[PDB]
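Protein chains in written order, with our numbering: chain A, 3 to 118; chain B, 3 to 118; chain C, 1272 to 1386; chain D, 1272 to 1386. Cβ atoms here follow ideal geometry from the backbone N, Cα and C, with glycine treated the same way.
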Amino acid sequence: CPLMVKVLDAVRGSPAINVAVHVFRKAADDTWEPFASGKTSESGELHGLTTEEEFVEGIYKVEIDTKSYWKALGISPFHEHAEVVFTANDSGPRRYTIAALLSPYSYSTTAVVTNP
Amino acid sequence: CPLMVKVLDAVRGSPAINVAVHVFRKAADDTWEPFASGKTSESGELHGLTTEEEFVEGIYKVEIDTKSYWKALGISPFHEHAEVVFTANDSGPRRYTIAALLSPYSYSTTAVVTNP
Amino acid sequence: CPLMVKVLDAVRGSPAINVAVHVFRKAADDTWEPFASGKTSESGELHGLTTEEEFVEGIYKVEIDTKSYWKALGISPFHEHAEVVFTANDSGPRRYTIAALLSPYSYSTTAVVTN
Amino acid sequence: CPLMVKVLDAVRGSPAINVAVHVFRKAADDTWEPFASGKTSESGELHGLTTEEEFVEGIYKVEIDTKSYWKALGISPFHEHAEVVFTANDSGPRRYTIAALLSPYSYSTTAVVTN
Ligand SMILES: *S(=O)(=O)c1ccc(Br)c(-c2nnc(-c3cc(Cl)c(O)c(Cl)c3)o2)c1
Ligand SMILES: *S(=O)(=O)c1ccc(Br)c(-c2nnc(-c3cc(Cl)c(O)c(Cl)c3)o2)c1
C-alpha cells in the first residue's frame, strides 16, 4: 500500500481504465531504472506496485501513458505521457497516492501523502 | 450513496478535513432551496447527504466553503467558496462523486458519474 | 481594466471562443445584481467589463456559460455553468484576471492578481 | 515564436517569476538533447526559446524547476520538477503555448495551440 496511482477522465466523468503506468527509480549513476509497472483497473486505480521493504528512499518517476489511453477512445491528444517525479521516503516511510485528471490537451496531478 | 463530496488540499498534499458543504436544489419558482449539508471527515469525504428516494431529478448546487477552510490554516484565499452546479438524475438515478482540489487562489473540480 | 476573464478549452487545446460570461455584484440584501456581461473573443478573453470607478470593494460572481459551449461542439457536459465567487479588495493588487480551463466533466479556475 | 512557456502560482495568485525552464528534444537514440532554456519573466512567461526553422517535428520535453521555486518561498513541495512531453506536429496550428499552474503538492498543465 505504499504507492497507489489513481487516474480520472475529465471528458467522460469516469475512472480512466486500462491506463498503463511505469515507475522508475533514479540509480546512483543518475539513470532511471525500471521499478514497477501495471495498468489501472475498472476503478481507475493501480495497487500493488511495490512493498514497504522495496520502496526505499529515492527519486521516483511515475509515467502515466495518457497518449495510448486517448487514442483508443478516438482522440488525438497533446501529450505523450504524464510524468510525476518526486523524492519518496526521505523522512522515513510514507504512503503515496498519485492522482491524475486527464483531458486531451491538459492534465492535473496531485499527491496525497500520509504517515502510517 | 447517491451523492458524495471529496475535497483535497494542494498545499499540504492531504485530504481537506472539516470543510463545510451546503447542497441546494432549484425549486419550481427558480429559487435555491436548502437540500442537505455536512462537513468533510478526516478522509476529506462527505457521505450520507441524501438517499436515492430524496435525490430526485433536478438542478443541484454543491457549495464548498473553501474560504473558511483556508482562513483556519492562516491563508487569506481568493474565493468565497467553490460552487458546483449540475443537473442530476435526468436519465434515471445515478451516483455522483463531486471532487475538488483546493489551492489558495485556484481550484479544480471534477465529477465521477456512475450508473448503479 | 481592472477585471478580465480568460477561458480555455482542454479538449481542443484552444481558447474557448464565444462563451457567454455574466458578472454579478452581491447586494446589501444578499441577492446577486447584474453587473457586466459579454462573450469571449477569438482569443478566449473578455475585456472591458468594468472600470476602476465602478469596481468597488465587494463580493462578485463570474458565471461562465460552459454548458452552451459544449453543446455547440456536440459534447455532453456535466455542469450547468462554472461559477467564480470572490471579494474585490483595495489593499491587494489592482488588476484581476479570472481564468478557467474547461473540460466536459471538470474545470479548473485561477486568479492572477497583479499591479 | 513557435513555443512559449507560461507559469502561474496558485498559492499567491500571481505569475511564477524567475522559474528555470529547460527544453529538450528527443534524439534518434531516445536520449534527451538540450534544446533551449531560460527563466520566466516578471509576467511568468518565457519567450524566444526557438525559431520556426529550428522547431521541427519531433518529441520535446519542457522541464519546469518547480522545486527551486517553492524552496525560495519557504514552502515544502512534492515534485522535483514539472514535466511536459509532447509531439510537435506540422499539420496542426503553428504556435504552442505550454502553461502550468503550480501548487506545492499539485500542478496543472495545458497546451494552447493556435494559428
Ligand atoms: S478518495 O477516495 O481518495 C477519492 C475519491 C474520489 C476521487 Br474523484 C478522488 C480523487 N483523487 N484525486 C482527485 C483529483 C485529482 C486532481 Cl489532479 C484534480 O484536479 C481533481 Cl479536481 C481531483 O480526485 C479521491
Ligand atoms: S492568454 O493571454 O493566453 C492568457 C491570459 C491569462 C492567463 Br491566466 C492565461 C492562462 N494560460 N494557462 C492558464 C491556465 C492553465 C491551467 Cl493548467 C489552469 O488550470 C488554469 Cl485555471 C489556467 O491560464 C492565458
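Practice prompt. Can you pull the chain C residues whose beta carbon is under 9 Å from the beta carbon of B:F37, in chain order?
Written response: As a first step, residue 37 of chain B is located in the second sequence; it is residue number 35 there, counting from the start. Per Cβ cutoff of 9 Å: no residues; B:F37 is ~15 Å from chain C at best.
Discussion item. Please tell me whether B:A102 has its Cβ less than 8 Å away from any Cβ of chain C.
Written reply: The count along the second sequence starts at 1 and reaches residue 102 of chain B at position 100. False, the Cβ-Cβ gap to chain C never drops below 8 Å.
Worksheet item: Which class does D:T1337 belong to by DSSP, given the choice of helix, strand or coil?
Response: For the purposes of this step, residue 1337 of chain D is taken as the residue at position 66 of the fourth sequence. In this structure, D:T1337 counts as helix in the three-state DSSP scheme.
Worksheet item: Within the 8 Å Cβ cut-off, does A:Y109 reach chain D?
Response: Here the question's residue 109 of chain A lines up with position 107 in the first sequence. Taking Cβ atoms only, chain D reaches closer than 8 Å to A:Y109, which makes this a yes.
Worksheet item: How many angstroms separate the CA atom of A:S93 from the CA atom of C:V1294?
Response: Locating residue 93 of chain A in the first sequence gives position 91, where the first residue counts as 1. Locating residue 1294 of chain C in the third sequence gives position 23, where the first residue counts as 1. So the two alpha carbons sit approximately 47 Å from each other.
Worksheet item: Applying the criterion that 16 or more other CB atoms from any shown protein chain within 10 Å of the CB defines a buried residue, is D:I1335 buried or exposed?
Response: By one-based count along the fourth sequence, residue 1335 of chain D stands at place 64. Buried, by the Cβ-count rule.
Item to complete: For A:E35, collect the residues of the same chain with a Cβ closer than 7 Å to its Cβ; drop the 5 residues on either side in sequence, then sort them by chain order.
Response: Start at 1 with the first residue of the first sequence, and residue 35 of chain A comes out as number 33. These residues qualify, in order along the chain: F26, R27, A29.
Fill in: Sequence-distant residues of the same chain with beta carbon closer than 6 Å to C:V1355, five excluded per side
Here the question's residue 1355 of chain C lines up with position 84 in the third sequence. Counting only Cβ-Cβ distances below 6 Å, and skipping sequence neighbours, we find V1333, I1369, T1380.
Discussion item. I'd like to know whether the C-beta atoms of D:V1290 and D:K1310 end up nearer to each other than 8 Å.
Written reply: In the fourth sequence, residue 1290 of chain D corresponds to position 19, counting from 1. In the fourth sequence, residue 1310 of chain D corresponds to position 39, counting from 1. Contact: yes.
Discussion item. In the DSSP output, what is C:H1318 paired with across the bridge?
Written reply: Locating residue 1318 of chain C in the third sequence gives position 47, counting from the first residue. Answer by DSSP bridge pairing: none, since C:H1318 is not bridged.
Worksheet item: Rounded to whole angstroms, how far is the Cβ of C:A1382 from the Cβ of C:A1353, which I believe are closer than 8 Å?
Response: For this step, residue 1382 of chain C is matched to residue 111 along the third sequence. For this step, residue 1353 of chain C is matched to residue 82 along the third sequence. Incorrect: roughly 13 Å between the Cβ atoms, too far for contact.
Worksheet item: Can a CB atom of chain C be found closer than 8 Å to the CB of D:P1286?
Response: Taking the first residue of the fourth sequence as 1, we reach residue 1286 of chain D at position 15. Taking Cβ atoms only, chain C reaches closer than 8 Å to D:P1286, which makes this a yes.
Worksheet item: So, is the C-beta of B:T89 closer than 8 Å to a C-beta in chain C?
Response: Against the second sequence, residue 89 of chain B aligns to sequence position 87. For B:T89, the answer is yes, since a Cβ of chain C falls inside 8 Å of its Cβ.
Fill in: Of the listed residues D:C1272, D:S1347, D:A1281, D:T1302, nearest to B:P79 (C-alpha basis)
The sequence position of residue 79 of chain B within the second sequence is 77, counting from 1. Selected option, being the one with the closest Cα: D:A1281.
Item to complete: Use the C-beta contact count for A:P118: other C-beta atoms within 10 angstroms, 16 or more gives buried, fewer gives exposed.
Response: Taking the first residue of the first sequence as position 1, residue 118 of chain A is located at position 116. Exposed.
Worksheet item: Identify the residues that DSSP records as bridge partners of D:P1305: which are they?
Response: For the purposes of this step, residue 1305 of chain D is identified with residue 34 of the fourth sequence, where counting begins at 1. BP columns for D:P1305 point to D:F1295.
Worksheet entry | Contact set for residue 122 of chain A: own chain, Cβ-Cβ below 6 Å, skip 5 residues either direction | In the structure displayed, chain A extends from 3 to 118; residue 122 of chain A sits before or after that span and is not available.
Fill in: A:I100, enclosing beta strand (DSSP E) - first and last residue
Start at 1 with the first residue of the first sequence, and residue 100 of chain A comes out as number 98. That run of the beta strand (DSSP E) goes 97-105.
Worksheet item: In chain C, which residues lie with their C-beta within 9 Å of the C-beta of A:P4?
Response: Position 2 of the first sequence, counted from the start, is the residue given in the question as residue 4 of chain A. Under the 9 Å cutoff, chain C gives no residues; its nearest Cβ is about 28 Å from A:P4.
Worksheet item: If you draw a straight line from the C-alpha of A:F37 to the C-alpha of D:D1301, how long is it?
Response: Locating residue 37 of chain A in the first sequence gives position 35, counting from the first residue. Locating residue 1301 of chain D in the fourth sequence gives position 30, counting from the first residue. A:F37 and D:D1301 have their C-alpha atoms roughly 19 Å apart.
Worksheet item: Quick one, which of C:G1319, C:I1346, C:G1315 has its alpha-carbon nearest C:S1285's?
Response: The residue given as residue 1285 of chain C occupies position 14 in the third sequence. Cα-wise, what sits closest to C:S1285 is C:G1315.
Worksheet item: Since B:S108 is in the beta strand (DSSP E), which residue starts that stretch and which ends it?
Response: Taking the first residue of the second sequence as 1, we reach residue 108 of chain B at position 106. Its beta strand (DSSP E) spans residues 108-116.
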